[PDB]
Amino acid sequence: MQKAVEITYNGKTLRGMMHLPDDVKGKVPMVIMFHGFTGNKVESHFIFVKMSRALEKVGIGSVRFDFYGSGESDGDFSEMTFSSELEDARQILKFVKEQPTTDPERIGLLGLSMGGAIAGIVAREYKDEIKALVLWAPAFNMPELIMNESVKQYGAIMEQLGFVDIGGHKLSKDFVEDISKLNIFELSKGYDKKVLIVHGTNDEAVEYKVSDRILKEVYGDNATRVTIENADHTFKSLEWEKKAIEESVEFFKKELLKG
């Protein structure tokens, strides 16, 4: 089953999609999915929609919302900061916990790229009530990526206009100010439940090396990695996305439907 949903808080409306399995009644595991920077709840080549459908077939529900300033949700992209998306995510978790079909002890988080950074942070903040975590090419070095640009052209453009054009999106100076103060690696450290990282070797947006840091610096033996050979950042082929979705579904089926 697929139904559209909304959240309204602080005068902000988030719009999303909720998937519940047709077969099983009662309370079910739920996966919350976080899209990345300039992405949206559907994500690249619909990989999020696919994931939800692949999950409901194993009796796992899911919700996917567009962050404020993106896609179907209200707001201008210029109003968005990483911290504001964090607050959106805290409200989304609250919404999932309020649904009468949600099993409170079976809630997982999934995040792609910058959504992986968010998912990491949220996982830590609620480490005792988030059952499992999947990270897809998680952009934990996002602060560093924004910082390096200070000496390049986007830095000079930001210094002059207070915003930059990243391809039909207005990236505010407020985002640079906000993100410069955060260390995703440290803010994600301390999550003890099982973690799955899926990463491509040819990822030219978040290099594969980043995942090594996460394995070394953020988690212990509870974290494991699926390497998708030859894959680009968003797993943009049928075989690459099939591998990502199947490994992640099996991880959530093992980790959420056991407890």
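All residue numbers are counted from 1 along the displayed sequence.
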Exercise for the section: For the higher mean C-alpha B factor in the entry, choose 87-95 or 171-179. Expected result: 171-179
Exercise for the section: Check the entry's C-alpha temperature factors for 149-157 and 69-77, then say which stretch has the higher mean. Expected result: 149-157
Problem - Residue with maximal Cα B-factor (values as given in the PDB entry) among 202, 52, 38, 44 - result: 202
Exercise for the section: Among all modelled residues of this chain, ranked by Cα B factor, put residue 13 in the bottom, middle or top third, i.e. lowest, middle or highest. Expected result: lowest
Practice task
Sort the modelled residues of this chain by their C-alpha B factor and say whether residue 233 lands in the lowest, middle or highest third.
Solution key: middle
Practice task
Using the B-factors in the PDB entry, rank residue 226's C-alpha atom against the chain and give the third, lowest, middle or highest.
Solution key: highest
Exercise for the section: Taking the values exactly as deposited, rank residue 194 by C-alpha B-factor within its chain and report the matching third: lowest, middle or highest. Expected result: highest
Exercise for the section: Divide the modelled residues of the chain into thirds by Cα B-factor and specify which third, lowest, middle or highest, holds residue 218. Expected result: highest
